[PDB]
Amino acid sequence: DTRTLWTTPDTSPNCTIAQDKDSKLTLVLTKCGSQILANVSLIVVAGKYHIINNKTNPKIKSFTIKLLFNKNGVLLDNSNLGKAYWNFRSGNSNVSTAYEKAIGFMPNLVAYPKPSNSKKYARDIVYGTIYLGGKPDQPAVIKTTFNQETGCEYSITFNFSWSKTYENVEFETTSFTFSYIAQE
């Protein structure tokens, strides 16, 4: 499937926030021509962000997952998402060898330029809210930013944050859909 990059939809940890493989990021990018249709959720399985307790830890209120890409749209190893887990769809799994090119899935650099001395516009951000444990009283903000990281040609970053004082709440989320303008 040449039109979807994804993480497979299983629950196998693939992401490192605070410690190795502490999370499963489920991310599906579907190319609808000039726009990428994106669907995301997160399951934290272990470590610092698995169970939030803001009584115990009042300043644990946010964290970031970064996807960094080179000029060919290939995932770079400083990304929180592991390289072995990210590929074009084949059935419910991934192609068995790493892809060489995915520029058509990258966030457009004219729409979303890299940091510079020029005025920075907010249109490179999408805000949404997801819900921990599927409970409507457990919001957390998912802030997605395009092309704002260094050490790469392109980037997608997910910042998760919350303003409520959660007491023993597992960090596993509902799903959110957004889109962005494609590089080509």
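If you superpose the two forms and keep the largest set of C-alpha atoms that fall within 1.5 Å, you have the rigid core. Start at 1 with the first residue shown and count on from there.
Superposing the other copies on the rigid core and comparing 114 to 122 to 61 to 69, farther C-alpha placement in 8 other deposited structures of this protein marks 114 to 122. Looking at 67 to 75 and 89 to 97 together, the entry lists the larger mean B-factor for 89 to 97, computed on C-alpha atoms. Looking at 5 to 13 and 170 to 178 together, the entry lists the larger mean B-factor for 5 to 13, computed on C-alpha atoms. Looking at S116, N39, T144, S155, the one whose CA carries the top B-factor in the deposited record is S116. Per the deposited coordinates, the residue with the largest Cα temperature factor out of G128, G134, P139, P58 is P58. For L29, the recorded CA temperature factor ranks within the middle third of the chain's modelled residues. Annotation for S161: CA B-factor lies in the lowest third of the chain's modelled residues.
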